[PDB]
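What follows is a set of notes on a single structure, which appears directly below.
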Amino acid sequence: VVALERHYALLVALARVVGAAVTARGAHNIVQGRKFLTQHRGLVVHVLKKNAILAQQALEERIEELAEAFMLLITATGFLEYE
Amino acid sequence: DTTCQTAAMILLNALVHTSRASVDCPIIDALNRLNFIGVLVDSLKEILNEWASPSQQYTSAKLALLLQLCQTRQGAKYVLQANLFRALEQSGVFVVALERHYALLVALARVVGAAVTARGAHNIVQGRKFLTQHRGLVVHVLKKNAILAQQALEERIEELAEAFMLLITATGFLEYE
Amino acid sequence: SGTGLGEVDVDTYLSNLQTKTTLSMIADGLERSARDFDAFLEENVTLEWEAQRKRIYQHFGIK
Amino acid sequence: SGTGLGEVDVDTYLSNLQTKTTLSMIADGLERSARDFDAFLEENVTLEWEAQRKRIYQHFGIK
């Protein structure tokens, strides 16, 4: 249970760097964000649906942060408009 | 109707399948002229709402059909022009209950994986964006693989993990680093 | 004995028959589609680079 | 009593002290970074659209 928690910790770190970068400059980086979600589609869907004893709470906490990380990139990149 | 649309969707799979065995096909061409491929890709949106149950089995035949068109060389032309990358993004899709979840991701991954490696270097530009925009999620699957319900769930992980791997080597994401 | 022992009626018997036929048809179609996809993948991957495609990633990504 | 009872030596005592100090420093740094990131996210999300950002996806994607 502890090994998996460390795995998500790495994905969260990378997701935050990419998420904050796209929403930093503006419409000049949204073109890249859409490709990241489209090229890696499906993986994020599993995380956004999972969230929707000590080690268990720690693991679930990372899922909440990981799930909310991509959500920020979606609303910031405007992937909904692409459909 | 719920059963007519299901049987009709599965029927088209047999027509295109047996036609290829007979590099082009007149059946797939007719579907494009009738605006069937167009409306079909449009229905891909909000797939999460649709997905034993009658609605579940119906979607299986739907995504299964699209996977067949992405195997022939001519399908990449008509399929790519439908702008399927933007259709699967609006839906936000990216022990037995979990198994069904991966089954949907595999179906979508196969359609996208086979489509990029069908035409050539004209679709690799889109594949890189899908992996970069959705990075991290695939990393969890590729690392997971590396009683009855358990084996069935793990089997989907192997197929899902190998699905993206084919797109990577076919798209050339390693060169981008 | 007779006149009913864990049995059903004709109106329900025909419905159960139709449901079983439909379920069997759907299962056969799904299995055939899966087998065709597996054969296609085996034919496309048996060309070359069977283990390198995964070795490159295992070397690039975290093992 | 004395002369040793589940005790250690000075050479190992100083090493354990240094290791504990290093681990505490690393833990404090990680906790401070996490707290700063959480505060930044709270400041950036408290502007508006707190629940809509997830509702749009719950309506688009499969619930």
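Convention: chains lettered A, B, ... in structure tokens order; per-chain residue numbering from 1; ligands numbered from 1 as shown.
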How close does each residue of chain D get to chain A, giving the shortest atom pair and distance in Å to one decimal for every residue with an atom at most 9 Å away, counting only C-alpha atoms, sorted by chain and residue number, as a Markdown table?
| residue | atom | partner | partner_atom | distance |
| --- | --- | --- | --- | --- |
| D:53 | CA | A:75 | CA | 6.5 |
| D:54 | CA | A:71 | CA | 7.1 |
| D:56 | CA | A:80 | CA | 8.6 |
| D:57 | CA | A:71 | CA | 8.1 |
| D:58 | CA | A:52 | CA | 8.9 |
| D:60 | CA | A:80 | CA | 8.5 |
| D:61 | CA | A:45 | CA | 8.3 |
| D:62 | CA | A:49 | CA | 8.1 |
| D:63 | CA | A:49 | CA | 7.3 |
Could you write those residues out with C-alpha atoms, as a compact mmCIF listing (two decimals), in the first residue's frame?
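Result file follows (out_26.txt):
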# COMPACT_ATOMS: atom_id res chain seq x y z
CA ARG D 53 -15.04 23.12 -12.51
CA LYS D 54 -15.92 19.60 -11.31
CA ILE D 56 -18.89 20.35 -15.86
CA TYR D 57 -16.79 17.18 -15.94
CA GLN D 58 -19.26 15.13 -13.89
CA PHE D 60 -19.65 15.50 -19.47
CA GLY D 61 -17.84 12.38 -18.30
CA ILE D 62 -19.42 9.22 -16.95
CA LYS D 63 -20.48 9.79 -13.34
Sort by chain and increasing residue number a table of all residues of chain B within 9 Å of chain C, each with its closest pair of atoms and their distance in Å to one decimal, counting only C-alpha atoms, and write it as JSON lines.
{"residue": "B:7", "atom": "CA", "partner": "C:26", "partner_atom": "CA", "distance": 8.7}
{"residue": "B:10", "atom": "CA", "partner": "C:29", "partner_atom": "CA", "distance": 7.6}
{"residue": "B:13", "atom": "CA", "partner": "C:33", "partner_atom": "CA", "distance": 8.6}
{"residue": "B:52", "atom": "CA", "partner": "C:23", "partner_atom": "CA", "distance": 8.9}
{"residue": "B:57", "atom": "CA", "partner": "C:26", "partner_atom": "CA", "distance": 8.1}
{"residue": "B:60", "atom": "CA", "partner": "C:30", "partner_atom": "CA", "distance": 8.3}
{"residue": "B:61", "atom": "CA", "partner": "C:30", "partner_atom": "CA", "distance": 8.0}
{"residue": "B:64", "atom": "CA", "partner": "C:33", "partner_atom": "CA", "distance": 7.5}
{"residue": "B:67", "atom": "CA", "partner": "C:37", "partner_atom": "CA", "distance": 8.7}
{"residue": "B:68", "atom": "CA", "partner": "C:37", "partner_atom": "CA", "distance": 8.4}
{"residue": "B:71", "atom": "CA", "partner": "C:40", "partner_atom": "CA", "distance": 8.7}
{"residue": "B:139", "atom": "CA", "partner": "C:61", "partner_atom": "CA", "distance": 8.3}
{"residue": "B:143", "atom": "CA", "partner": "C:63", "partner_atom": "CA", "distance": 7.3}
{"residue": "B:146", "atom": "CA", "partner": "C:63", "partner_atom": "CA", "distance": 7.6}
{"residue": "B:162", "atom": "CA", "partner": "C:54", "partner_atom": "CA", "distance": 8.4}
{"residue": "B:165", "atom": "CA", "partner": "C:54", "partner_atom": "CA", "distance": 7.1}
{"residue": "B:166", "atom": "CA", "partner": "C:53", "partner_atom": "CA", "distance": 7.6}
{"residue": "B:168", "atom": "CA", "partner": "C:53", "partner_atom": "CA", "distance": 8.7}
{"residue": "B:169", "atom": "CA", "partner": "C:53", "partner_atom": "CA", "distance": 6.5}
{"residue": "B:174", "atom": "CA", "partner": "C:60", "partner_atom": "CA", "distance": 8.5}
**Request:** Pull out every residue of chain B sitting within 9 Å of chain A, counting only C-alpha atoms, and send them as a PyMOL selection string.
**Result:** chain B and resi 42+45-46+84-94+101-102+104-106+108-109+112+125-141+143+164+167
I need the residues from that last selection saved to file as an mmCIF file, in the first residue's frame (with C-alpha atoms), if you can.
data_model
loop_
_atom_site.group_PDB
_atom_site.id
_atom_site.type_symbol
_atom_site.label_atom_id
_atom_site.label_comp_id
_atom_site.auth_asym_id
_atom_site.auth_seq_id
_atom_site.Cartn_x
_atom_site.Cartn_y
_atom_site.Cartn_z
ATOM 1 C CA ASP B 42 -20.279 13.031 -32.801
ATOM 2 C CA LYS B 45 -19.130 12.809 -26.786
ATOM 3 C CA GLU B 46 -20.662 12.291 -23.335
ATOM 4 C CA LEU B 84 -12.077 12.560 -33.192
ATOM 5 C CA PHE B 85 -9.363 13.993 -30.926
ATOM 6 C CA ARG B 86 -11.609 16.897 -29.903
ATOM 7 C CA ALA B 87 -14.662 14.639 -29.525
ATOM 8 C CA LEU B 88 -13.093 12.359 -26.901
ATOM 9 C CA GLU B 89 -11.862 15.372 -24.893
ATOM 10 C CA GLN B 90 -15.236 17.003 -24.201
ATOM 11 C CA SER B 91 -16.461 13.778 -22.577
ATOM 12 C CA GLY B 92 -13.668 13.904 -19.990
ATOM 13 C CA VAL B 93 -13.496 10.111 -19.843
ATOM 14 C CA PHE B 94 -9.720 10.247 -19.316
ATOM 15 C CA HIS B 101 -13.999 0.719 -16.414
ATOM 16 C CA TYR B 102 -10.731 -0.416 -18.001
ATOM 17 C CA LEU B 104 -13.853 1.351 -21.938
ATOM 18 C CA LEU B 105 -10.364 2.873 -21.799
ATOM 19 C CA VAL B 106 -8.970 -0.041 -23.821
ATOM 20 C CA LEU B 108 -10.794 4.080 -26.870
ATOM 21 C CA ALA B 109 -7.032 3.492 -26.733
ATOM 22 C CA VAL B 112 -6.654 6.049 -31.305
ATOM 23 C CA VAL B 125 1.490 15.244 -34.488
ATOM 24 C CA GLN B 126 -1.849 14.540 -32.792
ATOM 25 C CA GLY B 127 -0.686 11.434 -30.933
ATOM 26 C CA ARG B 128 2.095 13.322 -29.160
ATOM 27 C CA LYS B 129 -0.407 15.898 -27.891
ATOM 28 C CA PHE B 130 -2.684 13.173 -26.512
ATOM 29 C CA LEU B 131 0.151 11.613 -24.506
ATOM 30 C CA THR B 132 1.562 14.971 -23.389
ATOM 31 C CA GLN B 133 -1.831 16.448 -22.482
ATOM 32 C CA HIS B 134 -2.796 13.268 -20.583
ATOM 33 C CA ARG B 135 0.673 12.381 -19.296
ATOM 34 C CA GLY B 136 0.958 10.530 -15.992
ATOM 35 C CA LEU B 137 -2.222 8.484 -16.349
ATOM 36 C CA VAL B 138 -0.598 6.079 -18.812
ATOM 37 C CA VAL B 139 2.479 5.887 -16.566
ATOM 38 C CA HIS B 140 0.373 4.338 -13.798
ATOM 39 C CA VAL B 141 -0.925 1.620 -16.133
ATOM 40 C CA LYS B 143 3.873 0.323 -14.117
ATOM 41 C CA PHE B 164 -0.401 2.868 -25.320
ATOM 42 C CA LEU B 167 1.142 4.282 -29.950
#
**Prompt:** Can you list, as number ranges by chain, every protein, DNA or RNA residue that comes within 9 Å of residue B:124 when you count only C-alpha atoms, leaving out same-chain residues fewer than 4 positions away?
**Reply:** B: 116-117, 120, 128-129, 170-173
**Message:** Going by DSSP on the backbone, which residues of chain B come out as alpha helix (DSSP H)? List them as a PyMOL selection string.
**Reply:** chain B and resi 3-21+26-33+36-42+47-50+54-69+73-80+84-90+96-119+124-133+137-145+148-171+173-176
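Picture a line from atom CA of residue A:56 to atom CA of residue A:5; it runs 8.8 Å.
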**Fill in**
Taken to one decimal, the atom CA of residue A:64-atom CA of residue D:47 distance is 20.3 Å
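Taking atom CA of residue C:4 and atom CA of residue C:19 as endpoints, the distance between them is 22.3 Å.
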